[PDB]
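Throughout, read-outs are computed from the coordinates displayed, never taken from laboratory work. Cβ sites come from the backbone with ideal geometry, for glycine too, and all protein chains shown count toward neighbours.
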Amino acid sequence: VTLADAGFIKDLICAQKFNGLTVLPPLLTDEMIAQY
Amino acid sequence: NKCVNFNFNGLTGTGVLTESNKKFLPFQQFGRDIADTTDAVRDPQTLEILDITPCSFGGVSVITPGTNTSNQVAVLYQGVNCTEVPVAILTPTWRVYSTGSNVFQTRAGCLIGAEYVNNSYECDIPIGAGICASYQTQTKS
Amino acid sequence: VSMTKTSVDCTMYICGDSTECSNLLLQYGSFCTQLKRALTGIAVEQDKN
Amino acid sequence: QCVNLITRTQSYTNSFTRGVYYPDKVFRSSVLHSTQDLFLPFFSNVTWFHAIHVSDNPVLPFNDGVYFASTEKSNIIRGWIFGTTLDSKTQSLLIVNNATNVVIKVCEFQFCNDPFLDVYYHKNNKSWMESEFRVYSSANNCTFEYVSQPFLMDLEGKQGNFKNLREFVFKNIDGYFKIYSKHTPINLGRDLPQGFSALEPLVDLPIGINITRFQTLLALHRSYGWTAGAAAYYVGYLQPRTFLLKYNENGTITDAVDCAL
Amino acid sequence: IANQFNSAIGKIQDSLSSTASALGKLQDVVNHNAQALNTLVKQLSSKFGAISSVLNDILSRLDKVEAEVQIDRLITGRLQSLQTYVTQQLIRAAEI
Amino acid sequence: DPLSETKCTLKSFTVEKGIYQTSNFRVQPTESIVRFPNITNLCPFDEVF
Ligand SMILES: *[C@@H]1O[C@H](CO)[C@@H](O[C@@H]2O[C@H](CO)[C@@H](O[C@H]3O[C@H](CO)[C@@H](O)[C@H](O)[C@@H]3O)[C@H](O)[C@H]2NC(C)=O)[C@H](O)[C@H]1NC(C)=O
Ligand SMILES: *[C@@H]1O[C@H](CO)[C@@H](O[C@@H]2O[C@H](CO)[C@@H](O[C@H]3O[C@H](CO)[C@@H](O)[C@H](O)[C@@H]3O)[C@H](O)[C@H]2NC(C)=O)[C@H](O)[C@H]1NC(C)=O
Ligand SMILES: *[C@@H]1O[C@H](CO)[C@@H](O[C@@H]2O[C@H](CO)[C@@H](O)[C@H](O)[C@H]2NC(C)=O)[C@H](O)[C@H]1NC(C)=O
Ligand SMILES: *[C@@H]1O[C@H](CO)[C@@H](O[C@@H]2O[C@H](CO)[C@@H](O)[C@H](O)[C@H]2NC(C)=O)[C@H](O)[C@H]1NC(C)=O
Ligand SMILES: *[C@@H]1O[C@H](CO)[C@@H](O[C@@H]2O[C@H](CO)[C@@H](O)[C@H](O)[C@H]2NC(C)=O)[C@H](O)[C@H]1NC(C)=O
Ligand SMILES: *[C@@H]1O[C@H](CO)[C@@H](O)[C@H](O)[C@H]1NC(C)=O
Ligand SMILES: *[C@@H]1O[C@H](CO)[C@@H](O)[C@H](O)[C@H]1NC(C)=O
Ligand SMILES: *[C@@H]1O[C@H](CO)[C@@H](O)[C@H](O)[C@H]1NC(C)=O
Ligand SMILES: *[C@@H]1O[C@H](CO)[C@@H](O)[C@H](O)[C@H]1NC(C)=O
């Protein structure tokens, strides 16, 4: 499964941001989900 | 390499201008991204191609507990490089948090006014990307 | 189990670097707070799920 | 000078993928872009004219743009008339080109009936040039004159039977007249070859007048006396049409879908 | 029983590796999040009955009275594109 | 100050424990620049002046 945007610190990903649309990171990282 | 207002041949906008690895055709003047938004413009006088990206921006989340409990707060500049909020010495008129020694790059954004501690706890206030914040006294040493 | 958290803002989406439109948009009242709140209500729920 | 001696015969052939052109002056990379504009459809039935001289030449319609193609050596094809009346009752646009410079000139021209051009050897100037313009009586008032490099060139050297096909799209809109073109080499395979190539905008001219009809100029050398010759060209007409256009990493239109084929 | 289990776990890897569509229900969510933001950012280029979708084009070419109503159309249209996106998101959040 | 801004965006003198999105930050231009081609085609008004 490919992820379009991770939402991490800064393509269509850029242009979305250019117009104020932002992607927020999940609280639990993929390491914390692997630990659970 | 400086955030500026621009007008090329009547193509008006705002952003940082940077040299481009894109190679336009001789008759083309500007490039549109997948979102059909302008992201390059060819200088009319000397025909080099410049990338445009908007000047930096982001959300500003304030981490405040019960007003009754305390009046001090941290601020998270969302998706922002924590070297760039200092260069952004703007919409938030409160300049003071440009000069903070207690400054931290979370993956979620630049967090200012809260200090990183190596010890871990249950998540009191969520910041994002594994990070949480809390109002308490540490006293380890 | 979850979907991408998103946030947006009328100030930039409807008109970036545009004070004139920013003043016209005030005439429409609370809709932008409703939209921002609704997307924040989705975003906090993705962590909960 | 009103010599009605040129004539032309006609037939039909298939314009497979030809007559696609860059719709705006914009770069795009690896992106599929859709637009509604005057385009020539895929596998459109395209008229095939042969023009000849014997020692009968009807003026052509123009509406919603024309595609014109040809592939003659020595650049015997030399220009066009575009215009409302072509008789000095309303102004009209003349294109003529030679080996070193094209003129774009729009005036109240009385063209007589059939306009051709007459480059011949003059003994006293020891060289080739146009004798007298049989194209028209006289120009009365002119309001725009432009000069530039010949919109058409031959390939370097000359390979045997190796024609280049020359393509033009002519549009009139909002006062402007827009030329698009491409010059593609031909393995000497077939007419309008299989493959793809999009026309670049050559000139984009604020003529400002009204176009309803068009015609083309052929040269004659006057060797002693109008030595007889032949030429070919193809005419297609544009429609208000939707296209999906594919840009490569370099922002050339590499392929297209005709949206109602 | 252990060999049946161990050989069954061996087939999960090959199934997931070979099958293009196996994570379809997760890819679909990622694609709908990407398509919804692409559609929302594309909707900025729509005219909504105005002379142009470019705001400073309007402000340059038209006077304060006329320019304002042209922007209004763009405000009303864009604000519709946001309410649509947020309603689609609130419905899509409920099935997640 | 940023607490005074959260009190304002929540329309209340007492904000509770949490994280609150306030006004978006955005760096304004340092100046404005005009780019148009070389000044070709000067009008032949001089030949008559
Ligand atoms: C191809 O056709 C061209 C136009 O028919 C022709 O250009 C013409 O060139 C002559 C001489 O170079 C010009 O004559 C005038 O030149 C200057 C221009 O200011 C004057 O000072 C001179 O006194 C003289 O009047 C023509 O004006 C010019 N035509 C146009 C429309 O600009 C080319 O020479 C032709 N080329 C060949 C190979 O035949
Ligand atoms: C986009 O433009 C690119 C730059 O012009 C172009 O790259 C070029 O590709 C051709 C064809 O592969 C190369 O031609 C050959 O050159 C020598 C042999 O003469 C070989 O060593 C090369 O590998 C190659 O086969 C050009 O050298 C190459 N130019 C550059 C500067 O890299 C792309 O092909 C263009 N892309 C499309 C889709 O048209
Ligand atoms: C934030 O920006 C700084 C620069 O202000 C980045 O630091 C650069 O990192 C790259 C990659 O390691 C180096 O090649 C550069 O030399 C660094 N520049 C400077 C001036 O130190 C940093 O990587 C960025 N990081 C984040 C989290 O956004
Ligand atoms: C173009 O030139 C012709 C010829 O000089 C002009 O025609 C004259 O126009 C005037 C004004 O309408 C009439 O009174 C004359 O009877 C016309 N004479 C002829 C012979 O046509 C014409 O007006 C000029 N056009 C422009 C735009 O200057
Ligand atoms: C170009 O010329 C044609 C022909 O004169 C114009 O068509 C006329 O348009 C008027 C106004 O609609 C009608 O009353 C006439 O009956 C039309 N004439 C013919 C013969 O169809 C056309 O309007 C002109 N175009 C422009 C842009 O001026
Ligand atoms: C414009 O002038 C500059 C400076 O002389 C020159 O470098 C440039 O090539 C000119 N423009 C074009 C299109 O040649
Ligand atoms: C705030 O703190 C006061 C004591 O300083 C307490 O009486 C009050 O109940 C608190 N309010 C809330 C909402 O917790
Ligand atoms: C955490 O421990 C490292 C040493 O392992 C130390 O260098 C670092 O300063 C500590 N963290 C903070 C934020 O002080
Ligand atoms: C093209 O049109 C002409 C006249 O409309 C017709 O005679 C001819 O058959 C058509 N072409 C083909 C391949 O049918």
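With respect to the numbered conditions (1) in a helix (DSSP H, G or I); (2) more than 8 Å from every other protein chain (Cβ to nearest Cβ), which one is the sole condition not fulfilled by E:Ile75?
E:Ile75 satisfies every listed condition except (2).
Rundown of residues vs (1) over 23 Å from D:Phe27 (Cβ atoms); (2) under 14 Å from the mean Cα position of the chain (by Cα); (3) not small (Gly, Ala, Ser), yes/no style:
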site	(1), (2), (3)
D:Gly175	yes, no, no
D:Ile179	no, yes, yes
D:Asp191	yes, no, yes
D:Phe196	no, no, yes
D:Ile209	yes, no, yes
D:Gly229	yes, no, no
D:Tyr234	yes, yes, yes
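When you scan the stretch D:201-223, do you find a residue that is away from ligand 2 (no atom under 16 Å from the Cβ), farther than 22 Å from D:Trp80 by Cβ and either hydroxyl-bearing (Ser, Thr, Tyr) or within 14 Å of chain B (Cβ to nearest Cβ) (or both), even just one?
Yes, the stretch D:201-223 contains a residue that is away from ligand 2 (no atom under 16 Å from the Cβ), farther than 22 Å from D:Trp80 by Cβ and either hydroxyl-bearing (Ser, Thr, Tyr) or within 14 Å of chain B (Cβ to nearest Cβ) (or both).
Give the residues of the stretch B:1-11 that are in contact with a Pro (Cβ under 8 Å, 6 or more places away or on another chain), away from ligand 6 (no atom under 16 Å from the Cβ) and either away from chain A (no Cβ under 14 Å) or of a type in the set (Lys, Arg) (or both), sorted by residue number.
B:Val4, B:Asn5
Looking at the stretch F:1-30, I want the residues that are at the interface with chain B (Cβ under 7 Å from one of its Cβ atoms) and within 16 Å of ligand 3 (Cβ to nearest atom) and have a partner that is outside any strand (DSSP E or B) and of a type in the set (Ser, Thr, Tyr) with Cβ atoms under 7 Å, at least 6 apart or on another chain. Which pairs are those?
F:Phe25/B:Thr91; F:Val27/B:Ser56
Can you name the residue in the stretch A:12-36 that is surrounded by fewer than 16 Cβ atoms within 10 Å (Cβ to Cβ) and more than 15 Å from C:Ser2 (Cβ to Cβ) and is also farthest from the chain's Cα centre (by Cα) among such residues?
Restricting attention to the stretch A:12-36, the residues satisfying the condition of being surrounded by fewer than 16 Cβ atoms within 10 Å (Cβ to Cβ) are A:29-36.
Right, trim to more than 15 Å from C:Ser2 (Cβ to Cβ) and you get A:31, A:34-35.
Details: A:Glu31: 15, A:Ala34: 18, A:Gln35: 20 Å.
Of everything passing the filter in the stretch A:12-36, A:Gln35 is farthest from the chain's Cα centre (by Cα).
One line per residue, one yes/no per condition, for (1) within 14 Å of the chain's Cα centre (by Cα); (2) within 16 Å of ligand 3 (Cβ to nearest atom); (3) more than 25 Å from D:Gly236 (Cα to Cα):
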residue	(1), (2), (3)
D:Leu93	yes, no, no
D:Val103	yes, no, no
D:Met129	no, no, yes
D:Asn187	no, no, no
D:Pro201	yes, no, no
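Within the set of pairs 6+ apart or on separate chains, which have a first residue in the stretch D:231-252 that is under 18 Å from D:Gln36 (Cα atoms) and within 14 Å of another protein chain (Cβ to nearest Cβ), a second that is basic (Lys, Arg) and away from ligand 9 (no atom under 16 Å from the Cβ), and C-beta atoms under 7 Å apart?
What qualifies is D:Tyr247/D:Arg28.
Which of the residues spanning the stretch A:14-32 are out of contact with any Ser or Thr (no Cβ under 9 Å at 6 or more places or on another chain) and away from chain C (no Cβ under 11 Å)?
Listed by number, the residues that qualify are A:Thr29, A:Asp30, A:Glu31, A:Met32.
Under 30 Å from A:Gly7 (Cα atoms) and within 13 Å of another protein chain (Cβ to nearest Cβ): does that describe E:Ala50?
Answer is no for this residue.
If I go through the stretch D:23-46 residue by residue, how many of them are touching an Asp or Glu at 6+ places or on another chain (Cβ under 6 Å), aromatic (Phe, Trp, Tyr) and either within 11 Å of another protein chain (Cβ to nearest Cβ) or within 16 Å of ligand 2 (Cβ to nearest atom) (or both)? Let's see the steps before the verdict.
Step one: list which residues in the stretch D:23-46 are touching an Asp or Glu at 6+ places or on another chain (Cβ under 6 Å), which gives D:23, D:29-30, D:38, D:41-42.
Filter again for aromatic (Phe, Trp, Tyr), leaving D:42.
Going one step further and asking which of them are either within 11 Å of another protein chain (Cβ to nearest Cβ) or within 16 Å of ligand 2 (Cβ to nearest atom) (or both), we end up with none.
Matching residues across the stretch D:23-46 total 0.
How many residues are within 22 Å of B:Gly66 (Cβ to Cβ) and away from ligand 8 (no atom under 15 Å from the Cβ) when one looks only at the stretch B:90-111?
2
Restrict the check to the stretch D:53-72 and report whether at least one residue is among the charged types (D, E, K, R), assigned to a strand (DSSP E or B) and under 15 Å from D:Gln215 (Cβ atoms). Quick ask: steps written out before the conclusion?
Initial filter on the stretch D:53-72 (among the charged types (D, E, K, R)): D:56, D:64, D:72.
Still in the list and also assigned to a strand (DSSP E or B): none.
Checking the stretch D:53-72: not a single residue is among the charged types (D, E, K, R), assigned to a strand (DSSP E or B) and under 15 Å from D:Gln215 (Cβ atoms).
Given the conditions (1) part of a loop (DSSP other than H, G, I, E, B); (2) more than 16 Å from ligand 1 (Cβ to nearest atom), report the number of the one that D:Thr216 does not fulfil.
(1)
Which one of these does D:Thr84 not meet: (1) more than 27 Å from D:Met153 (Cα to Cα); (2) within 14 Å of chain B (Cβ to nearest Cβ); (3) more than 16 Å from ligand 2 (Cβ to nearest atom)?
(2)
Conditions first: (1) farther than 19 Å from B:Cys82 by Cβ; (2) away from ligand 8 (no atom under 12 Å from the Cβ); (3) out of contact with any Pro (no Cβ under 6 Å at 6 or more places or on another chain). B:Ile127 passes all but one, so which condition is the exception?
All conditions are met except number (1).
For the stretch D:27-50, does any single residue satisfy the condition of being assigned to a loop (DSSP other than H, G, I, E, B), aliphatic (A, V, I, L, M) and in contact with a strand residue (DSSP E or B) (Cβ under 9 Å, 6 or more places away or on another chain)?
yes
Starting from the stretch E:32-46, keep only residues that are part of a loop (DSSP other than H, G, I, E, B), then list their pairs with residues that are surrounded by 15 or more Cβ atoms within 10 Å (Cβ to Cβ) whose Cβ atoms are within a distance under 7 Å, requiring at least 6 positions of separation or different chains.
What qualifies is E:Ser46/E:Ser53; E:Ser46/E:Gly77.
D:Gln10 versus (1) in contact with a strand residue (DSSP E or B) (Cβ under 6 Å, 6 or more places away or on another chain); (2) under 28 Å from D:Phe162 (Cβ atoms); (3) surrounded by 15 or more Cβ atoms within 10 Å (Cβ to Cβ); (4) not β-branched (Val, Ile, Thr): which is the lone unmet condition?
Tallying (1) in contact with a strand residue (DSSP E or B) (Cβ under 6 Å, 6 or more places away or on another chain); (2) under 28 Å from D:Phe162 (Cβ atoms); (3) surrounded by 15 or more Cβ atoms within 10 Å (Cβ to Cβ); (4) not β-branched (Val, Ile, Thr), D:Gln10 fails exactly one: (3).
In this structure, is C:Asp47 farther than 24 Å from A:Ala4 by Cα, within 14 Å of chain A (Cβ to nearest Cβ) and acidic (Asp, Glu)?
Judged against the criteria, C:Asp47 is not a match.
Condition check ((1) assigned to a loop (DSSP other than H, G, I, E, B); (2) out of contact with any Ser or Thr (no Cβ under 8 Å at 6 or more places or on another chain); (3) within 25 Å of D:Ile211 (Cβ to Cβ)) across all residues:
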residue: D:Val96; (1), (2), (3): no, yes, yes
residue: D:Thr100; (1), (2), (3): yes, yes, no
residue: D:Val103; (1), (2), (3): no, yes, yes
residue: D:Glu108; (1), (2), (3): no, no, yes
residue: D:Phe133; (1), (2), (3): yes, yes, yes
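For the stretch E:1-29, give me the residue count where each residue is within 14 Å of chain A (Cβ to nearest Cβ) and not in a helix (DSSP H, G or I).
Qualifying residue count for the region: 5.
Please determine whether any residue of the stretch D:147-157 is within 16 Å of ligand 9 (Cβ to nearest atom), of a type in the set (D, E, K, R) and within 22 Å of the chain's Cα centre (by Cα).
Scanning the stretch D:147-157, I find no residue that is within 16 Å of ligand 9 (Cβ to nearest atom), of a type in the set (D, E, K, R) and within 22 Å of the chain's Cα centre (by Cα), so the answer is no.
Look through E:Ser18, E:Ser60, E:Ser45 and report the one residue that is loosely packed, with under 14 Cβ neighbours inside 10 Å and more than 27 Å from D:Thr35 (Cα to Cα).
The conditions single out E:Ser18.
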